[PDB]
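Only one chain comes next, encoded as structure tokens, the form deposited in one PDB entry.
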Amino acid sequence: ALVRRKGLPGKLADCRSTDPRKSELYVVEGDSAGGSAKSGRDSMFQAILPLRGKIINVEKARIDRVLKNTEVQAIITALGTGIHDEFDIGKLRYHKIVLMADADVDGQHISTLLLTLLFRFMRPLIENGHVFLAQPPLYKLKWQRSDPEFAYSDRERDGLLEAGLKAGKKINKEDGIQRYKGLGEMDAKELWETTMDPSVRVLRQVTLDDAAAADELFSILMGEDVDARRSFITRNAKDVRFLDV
């Protein structure tokens, strides 16, 4: 068991449960999203740490400079574990670390930066499956009479729309289908019912198979060597769609 604040980051909205095993940390993109998330969370088991701005690239940046970065300090301090050789999973204050960023490309970029931080400073958190990725909704179908539905893809939107219309439900062609361009546009309720309610949230657990293969990929994508990254993109971007086929 570990004490919750009521010596930790000022931005941290800690949970109430003293048990790390039951506790969860939602690392959120933006003050707005983190603010509403703080309101829609389950304050018992879920803590919120909003991260502001692009995270510093630990692959590129010198070590001391990373340690000066306020956002990195917030993460390291909040997780309780150390870093590198001084890492101790026994001090892990949340056994569930959910990264929640916008569905857009900048959210994807922030994810890669956070995953780089974790893989380089606190790898065991990934190896032991304590790192997760929340999948935000993209659309909200607001039926005239029926309860609203959330869609996490264009396909799902098309499907739910088809099913509803076939079932006799109807939507306004003005209000209609609300499209989310980021977590910041969501209120507390919407976040709870899509990304934080454990009974409906869509989490993806980050797994680490080949550490050496992961190591070189991180070094390529996040490293200082531009040439290597440039050729990698031109080589593999052509086939990004077909990774899961």
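From 1 onward, residues are counted along the sequence shown. Take the two forms, superpose them, and find the largest set of C-alpha atoms that agree within 1.5 Å; that set is the rigid core.
The discussion below concerns the form deposited in another entry, not included here.
- In a core superposition between this form and the one not shown, the Cα of 72 is the only one among 72, 141, 131, 134 shifting by 2 Å or more.
- Once both forms are fitted on their rigid core, the CA atom of residue 110 lies 2 Å or more apart between this form and the one not shown.
- Annotation: Cα of residue 214 displaced by at least 2 Å between this form and the one not shown, core superposition.
- The gap between the Cα atoms of residue 105 and residue 153 is larger in the other form, by no less than 3 Å, than in this form.
- Relative to the shown form, the CA atoms of residue 157 and residue 105 are pushed 3 Å or more farther apart in the other form.
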